[PDB]
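A.B. asks:
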Amino acid sequence: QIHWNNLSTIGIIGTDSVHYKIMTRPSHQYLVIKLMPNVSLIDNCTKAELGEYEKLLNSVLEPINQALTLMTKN
Amino acid sequence: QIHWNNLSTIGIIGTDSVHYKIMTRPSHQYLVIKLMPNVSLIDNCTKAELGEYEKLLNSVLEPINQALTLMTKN
Amino acid sequence: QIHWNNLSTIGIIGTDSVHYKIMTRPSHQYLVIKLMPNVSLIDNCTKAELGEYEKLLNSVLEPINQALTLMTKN
Amino acid sequence: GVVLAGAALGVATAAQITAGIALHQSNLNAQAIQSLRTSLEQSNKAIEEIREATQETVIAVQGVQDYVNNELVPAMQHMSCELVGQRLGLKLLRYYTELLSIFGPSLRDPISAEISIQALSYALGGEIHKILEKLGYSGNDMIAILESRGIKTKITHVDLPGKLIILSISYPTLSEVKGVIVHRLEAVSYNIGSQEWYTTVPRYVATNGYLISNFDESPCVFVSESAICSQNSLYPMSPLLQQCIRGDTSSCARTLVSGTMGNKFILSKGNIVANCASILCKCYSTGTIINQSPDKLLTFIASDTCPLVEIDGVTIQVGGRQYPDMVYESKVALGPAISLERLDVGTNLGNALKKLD
Amino acid sequence: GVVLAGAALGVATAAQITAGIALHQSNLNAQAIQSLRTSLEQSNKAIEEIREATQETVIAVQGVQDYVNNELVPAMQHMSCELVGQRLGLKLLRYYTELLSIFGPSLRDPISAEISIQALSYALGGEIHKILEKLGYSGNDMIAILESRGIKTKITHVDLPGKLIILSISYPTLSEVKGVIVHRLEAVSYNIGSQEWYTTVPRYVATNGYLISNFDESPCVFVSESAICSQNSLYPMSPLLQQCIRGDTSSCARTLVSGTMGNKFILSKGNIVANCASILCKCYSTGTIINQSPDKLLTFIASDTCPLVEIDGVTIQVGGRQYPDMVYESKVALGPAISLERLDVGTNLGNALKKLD
Amino acid sequence: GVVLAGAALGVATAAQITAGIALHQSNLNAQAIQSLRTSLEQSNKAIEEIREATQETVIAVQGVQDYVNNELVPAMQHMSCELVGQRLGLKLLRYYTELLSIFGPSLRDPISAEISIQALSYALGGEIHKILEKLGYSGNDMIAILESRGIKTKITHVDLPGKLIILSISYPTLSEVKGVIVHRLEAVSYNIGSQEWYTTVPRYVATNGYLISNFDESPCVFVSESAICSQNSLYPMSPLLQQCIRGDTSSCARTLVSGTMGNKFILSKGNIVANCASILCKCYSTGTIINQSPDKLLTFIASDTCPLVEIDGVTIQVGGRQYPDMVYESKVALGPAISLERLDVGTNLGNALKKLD
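Chains as they are written, first to last, in PDB author numbering: chain E, 136 to 209; chain A, 136 to 209; chain C, 136 to 209; chain B, 227 to 583; chain F, 227 to 583; chain D, 227 to 583.
Structure follows, in structure tokens:
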């Protein structure tokens, strides 16, 4: 298909030629990101940092949460 | 302001429109980078690595130091 | 060489002018990447992870290995 | 009196002059610098607030404190002094690698140097939020959340026996421009005959009164009220781009799709607009598919044409019509192709060069 | 019944509609969500397989488990609760920094969000291969090795009392296009008079039947059988580029070299082709150098001209001729210059602007 | 004898041929390889100097040594063998992730592969300076400081029972070109009527005798004597750029500002040059502001016009005049606009396409 005979006169030499594949998606799988570090082993520790992080989580999530409640509830 | 009526005929649909803010700088605050690890806890350790690092510090700093002495002393 | 007298009339002012050097390579030196973590200290541990990694190493290396055997043996 | 004499300096730029003037606004040289020096000896704190009389509070940073806090008593059997000496030597040389990457000789102009609070992270101990927390910002609030992008630092002073550099940071203080509205554009694909296309336009647009600007995507963050651009963001536009977004698509260019992927339908203002000459649009309660004129390029749907529509297995309830109806489009021109590959632009600028020849 | 009413939603795009439909394909809302909630309390596992009846197995992720596994009993003398509290507080704020970088407000459209399995690494615990290992892929096999580039994730659901987000990933399933062949091009330098040049062409080309496409280099990996492009990779080409690779070099552009570096020789199909009017080519057994016509631009070598050749200290054994011989080239044109610097293209588009004026 | 026969190889490039010849310069195959193998068993050192007779000293690298040095005796109660086995398994898989990123299948040509000493860091144990320190470079000296940018490595040999790869690095040896001078340009803003502009030119320029080249910014570091470019740096320029920097600004293009930011003043050779028709320039000892002709675009200041000047609250002492005085500028043309956005260049190349049509 390629007219290589015109190509080597200024030096075009294909060192590799392979096929091509694309991936398809027949099914799916579930994967839960639990943002909260589930480590009750903390022995009543990190309370303040986790308590600040709880509030952090509103600016983390809420925009997305609303974006998804607009898709669900309408 | 936007003539959207010409825009949807080839499908231009603005999913969000917000305002814009810019930050201003009324004042400043001081912040000292002490390049030297102030850990006398080292118990007479790292002496050789810190001693090499001392010399490193001349190529770290001096160019800038001169660049600043030209601004100050002239 | 530079006609700066035409350049400052719209404000072109060269704050620095230095020379230029290029590095040359008179000789070489040998450096062996041993991909295997040579830590027999492992005390019969990591056996499974290293055993999976052994196989990993075929897809790591072999393509290159062949690419080099084509250069050597021909 | 002056601190700035031109016949002895020779060459310096605008920001460098203003940085020198602001450095002389600091009377640290006038005041004894021993008090600053002698304060910083015993700080022994990652980030400390050392106040300075008739001046802002100095905040003192450290680099690597916690491991030295860790292995004093344990290492006496846990890890030998030399072993930990090698261990530290590793990190210290890594710290030197980082500081030589950023404070090193690739650093162009330390008088006008602008060093953002993000990139300094492992230099500033790997924590960025706590220092801004000291500044008095919650990170639960409007400034810390929207704007962590562009809190800038600059170099003020260098001392050699203290071996230290003195920076001064600014305060984020938000203020909106009077008539700035940011529109996030979006487009869907379509076809003409069998060819599949969509319109190539800037991701954002920004209008300040009559003036419409382009927009940056790297510092600019979107909250529900406004678009926060922590760095100066408003790079200009072109008339041959500014004519596109306002009122005409005769100049706006169009592209061919990436594989078979494209947006064949959309819901806007409660109305389904799509190209149903491409995929399956079928009136649900009636039970029949809807065809399209070949002199048309899309098809819009409101409640009155069909109340519920099926698009490839979905069930869409629509509302009232918010749009004018489809007038003919064949007397309104379409854009040229777009190829985002500088070799092609170069090849054709080299064609332009051939045309000049 | 519908979950999608247009008069109450107003605006949403194609991928967002399909994500909402696929979310309603999940009957998690229909089923009690307490069972999901109550399962995840005691998982205490970095990556666990929690099955869901008449549904795919849920895989549960964690972030930072191992240090909390480490310093319970030791820290009672090894590191104080506050000390470790500060220590954790550091990492936690770093974890918040990472999640605010990626799940934060720079994240544009969480309905249509496409979040690759690479970038989530420290969010997903810093290990990427093990989760795909759970999917049933060895990493010793054709899929895991060739394709780790583009295993994609999307956002499905958000729960506030569980404070958690539910994603669903896809399965890599490889399938080749019917008539796709990928050619990796390569070129050598040469000279005309003393000027040194080589040909500027796209690194890869891809032909699917008659159609020839351009190619991406960032996701596309090369195995000996095929070219694996895990993301949609086939961005289009231009006719004024597609005419170049097929059968003519009259339009293909040419460049000047970067310093003195260039490829003055090559072996292809057992044949040495080079410009021996530039460096030392000398017949080994005979003992004499070979010159070149000034109306020629290279020189090709097969066994019949000289069996073994010396090129600047080497000893090359060649084979039989696989090529037609050198016909004159002066009646076949050469390309224009190429400058890869948008200011130059801009300067000359600003020249084009001057020409328009 | 040869190691290179063309009829059995078929295809290989210039650098690949030279790498094979240099590999055969290594007589490791000729000599017993058992001695190399049997040396490396008991090295147990991150970076060791294993000498080879009539050859350069082999330097042996390791990856992850220190934690295995750490937790032998302690882990007997501190961390279970399986626990540490999981812990190691994590890092090992991370090490595999790094090596699969860099030695993996995105790695194009391992015969001609060029792998810089920066990117190999966590592969080479996360320390880069120590190996170069072994090479005999202080990091206190001219080579290590100026040039850490481009110390390159290449692949030489692969052994399967040792499972190892053998690289060979080069020695930085600095040598200046005979007539190379690097100028770092800089510009200030101005206005014409109310429009605000400044000149768009390449950040650096480099002149080698008559020849003037463009310049790269990514490897090239600046010391006070010279510009060190560790990688080949001298990418060419255009005549329609090279005419700009030498002696004329009739072709040099100009831009509109980013927000209101601009350089309205500068000190060069002890002379203040600015546009004082834009901001406040006021003679200090006299007490009056200075105006500007509307047929002029800047205003220059030496000692003779006013000895000390105030520019928005500063006090500037100037020196003797080092410049010719302001002749009229309205008979010297100005550049066209510049827009750095490839869509605009594409839109107008698509206009060029329309013009061709």
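Positions of the beta carbon are idealized from the N, C-alpha and C atoms, including for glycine.
(1) Using 10 angstroms around the beta-carbon of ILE285/D, count the other beta-carbons present and answer buried if the total reaches 16, otherwise exposed.
(2) Closer than 9 Å, Cβ to Cβ, to anything on chain D: give me those residues from the segment 152-170 of chain C, in chain order.
(3) For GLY405/B, report the span of its beta strand (DSSP E) as first-last.
(4) Comparing C-alpha positions only, which one of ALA279/F, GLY311/F, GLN281/F and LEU262/F sits nearest to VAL294/F?
(5) Run the CB neighbour count on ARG480/B, radius 10 Å, all protein chains shown included, and call it buried at 16 or more, exposed below.
(6) Please list, in chain order, the chain D residues whose beta carbon lies closer than 8 Å to that of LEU191/A.
(7) Which residue wins for smallest C-alpha separation from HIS163/E, given the options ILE407/F, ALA258/F, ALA245/F and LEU262/F?
(8) For the segment 462-476 of chain F and the segment 238-252 of chain D, state whether three or more C-beta atom pairs, one from each stretch, are separated by less than 8 Å.
(9) Take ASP178/A as the anchor and find which of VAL299/B, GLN251/B, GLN260/B and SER420/B has the nearest alpha-carbon.
(10) If you run the structure through DSSP and keep just helix, strand and coil, what is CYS502/B?
(11) With burial defined as no fewer than 16 other Cβ atoms inside 10 Å of the residue's Cβ, what is the status of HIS138/C: buried or exposed?
(12) Name the residue from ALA503/D, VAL553/D and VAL406/D whose alpha carbon lies nearest to the alpha carbon of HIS154/C.
(13) So, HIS355/F versus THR323/D, is the Cβ gap smaller than 8 Å?
(14) Does DSSP put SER306/B in a helix, a strand or coil?
(15) For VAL414/B, which residues in the same chain have their Cβ closer than 6 Å to its Cβ, ignoring the five residues on either side in sequence?
(16) Could you name the residues of chain C that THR239/B contacts, counting a contact when the two beta carbons are closer than 9 Å?
(17) Scan the segment 292-316 of chain F for residues whose Cβ lies nearer than 8 Å to a Cβ of chain E and list them as they occur along the chain.
(18) Is it true that the CB of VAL544/F sits closer than 8 Å to the CB of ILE515/F?
(19) When you check each C-beta in the segment 340-358 of chain F against every C-beta of chain D, which residues fall closer than 9 Å?
(20) In chain D, which residues lie with their C-beta within 7 Å of the C-beta of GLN543/F?
(21) How many whole angstroms separate the CB atoms of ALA563/B and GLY576/D, which I take to be in contact at a CB cut-off of 8 Å?
(22) Can you name, in chain order, every residue of its own chain whose Cβ lies under 7 Å from the Cβ of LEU569/F, other than the five neighbours on each side?
(23) State the Cα-Cα distance for the pair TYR188/A and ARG375/B, rounded to the nearest angstrom.
(24) DSSP on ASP521/B, reduced to helix/strand/coil?
(25) Among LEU400/D, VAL427/D, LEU326/D and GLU555/D, whose alpha-carbon lies nearest the alpha-carbon of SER565/D?
(26) Using 8 Å as the threshold, is the segment 469-487 of chain D in touch with the segment 384-403 of chain D, meaning 3 or more CB pairs across them?
(27) Check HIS163/E in the structure and name its three-state DSSP category.
(28) Along the segment 433-449 of chain D, where does the CB come closer than 8 Å to a CB of chain B? Name the residues.
(29) Are the C-beta atoms of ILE337/B and some chain D residue less than 8 Å apart?
(30) Please list the residues of the segment 395-426 of chain B that have a C-beta atom closer than 7 Å to any C-beta atom in chain F, keeping them in chain order.
(31) Using CA coordinates, which residue listed in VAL408/D, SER529/D and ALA248/D is at the minimum distance from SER152/C?
(32) Output yes if chain F places a C-beta closer than 8 Å to the C-beta of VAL290/B; else output no.
(33) Could you spell out where the alpha helix (DSSP H) holding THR207/A opens and where it closes?
(34) What first and last residue would you give for the beta strand (DSSP E) that runs through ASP385/F?
(35) Write down every uninterrupted run of the alpha helix (DSSP H) in the segment 316-362 of chain D whose length is 4 residues or greater and which is fully enclosed by it, in chain order.
(36) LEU460/B lies in the alpha helix (DSSP H); which residues open and close that run?
C.D. replies: A quick look at the data gives this:
(1) Working through the sixth sequence from its first residue, we reach residue 285/D at position 59. Per the 10 Å Cβ criterion, buried.
(2) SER152, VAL153, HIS154, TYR155, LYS156, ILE157, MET158, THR159, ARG160, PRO161, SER162, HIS163, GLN164, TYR165, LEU166, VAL167, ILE168, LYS169 and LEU170
(3) To locate residue 405/B, count along the fourth sequence from 1; it is residue 179. Element bounds for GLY405/B: 399-410.
(4) By 1-based counting over the fifth sequence, the position of residue 294/F is 68. Closest option to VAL294/F, Cα to Cα, is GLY311/F.
(5) Numbered from its first residue, the fourth sequence carries residue 480/B at position 254. So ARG480/B ends up on the buried side.
(6) Stepping through the second sequence from its first residue, residue 191/A is reached at position 56. Near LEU191/A (Cβ distances below 8 Å), the residues of chain D are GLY365 and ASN366.
(7) One-based indexing of the first sequence puts residue 163/E at position 28. It is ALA245/F whose Cα lies nearest to the Cα of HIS163/E.
(8) no
(9) Numbered from 1 along the second sequence, position 43 holds the residue referred to as residue 178/A. Checked all of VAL299/B, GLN251/B, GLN260/B and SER420/B; the closest Cα to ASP178/A is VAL299/B.
(10) The residue labelled residue 502/B in the question sits at position 276 within the fourth sequence. Looking at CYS502/B - three-state DSSP - the assignment turns out to be coil, as it is neither helix nor strand.
(11) Walking along the third sequence from the start, residue 138/C turns up at place 3. Exposed, by the Cβ-count rule.
(12) Position 19 of the third sequence, counted from the start, is the residue given in the question as residue 154/C. Checking every option, the nearest Cα to that of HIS154/C belongs to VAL406/D.
(13) Stepping through the fifth sequence from its first residue, residue 355/F is reached at position 129. Stepping through the sixth sequence from its first residue, residue 323/D is reached at position 97. One thing to note: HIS355/F has its Cβ within 8 Å of the Cβ of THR323/D.
(14) By one-based count along the fourth sequence, residue 306/B stands at place 80. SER306/B: coil per DSSP, three-state reduction.
(15) Stepping through the fourth sequence from its first residue, residue 414/B is reached at position 188. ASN489 and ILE492, listed in sequence order.
(16) Mapped onto the fourth sequence, residue 239/B falls at position 13. The answer, in chain order, is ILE148 and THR150.
(17) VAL294, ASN295, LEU298, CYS307, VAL310, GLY311, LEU314 and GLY315
(18) In the fifth sequence, the residue the question calls residue 515/F occupies position 289. In the fifth sequence, the residue the question calls residue 544/F occupies position 318. Contact flag unset, no.
(19) Residues passing the 9 Å Cβ filter: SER347, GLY351, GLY352, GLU353, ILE354, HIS355 and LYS356.
(20) Here residue 543/F refers to the residue found at position 317 of the fifth sequence. Under the 7 Å cutoff, chain D gives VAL228, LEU230, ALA231 and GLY232.
(21) Along the fourth sequence, read from residue 1 onward, the residue named residue 563/B stands at position 337. Along the sixth sequence, read from residue 1 onward, the residue named residue 576/D stands at position 350. Between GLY576/D and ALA563/B the Cβ distance is about 7 Å, and since that is below 8 Å, they are a contact.
(22) What you label residue 569/F is simply residue 343 of the fifth sequence in a count that begins at 1. No residues qualify anywhere along the chain.
(23) Taking the second sequence and counting its residues from 1, one reaches residue 188/A at position 53. Taking the fourth sequence and counting its residues from 1, one reaches residue 375/B at position 149. Roughly 33 Å separates the two Cα atoms.
(24) To locate residue 521/B, count along the fourth sequence from 1; it is residue 295. Three-state result, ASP521/B: coil.
(25) Residue 565/D sits at position 339 when you count from the first residue of the sixth sequence. Nearest C-alpha to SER565/D: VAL427/D.
(26) no
(27) Taking the first sequence and counting its residues from 1, the one referred to as residue 163/E is at position 28. It is a strand residue.
(28) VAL447, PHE448 and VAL449
(29) By 1-based counting over the fourth sequence, the position of residue 337/B is 111. Closer than 8 Å: no.
(30) Against chain F - using a Cβ distance shorter than 7 Å - the residues of the segment 395-426 of chain B are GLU412 and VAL414.
(31) Position 17 of the third sequence holds residue 152/C. Nearest option by C-alpha distance: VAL408/D.
(32) Residue mapping note: residue 290/B aligns to position 64 of the fourth sequence, counting from 1. Chain F, which has no Cβ nearer than 8 Å to the Cβ of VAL290/B, makes this no.
(33) Along the second sequence, one-based indexing puts residue 207/A at 72. Segment 182-207, the alpha helix (DSSP H) holding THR207/A.
(34) In the fifth sequence, the residue the question calls residue 385/F occupies position 159. Element bounds for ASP385/F: 378-385.
(35) 355-360
(36) Working through the fourth sequence from its first residue, we reach residue 460/B at position 234. Unbroken run through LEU460/B: none, as it is neither H nor E.
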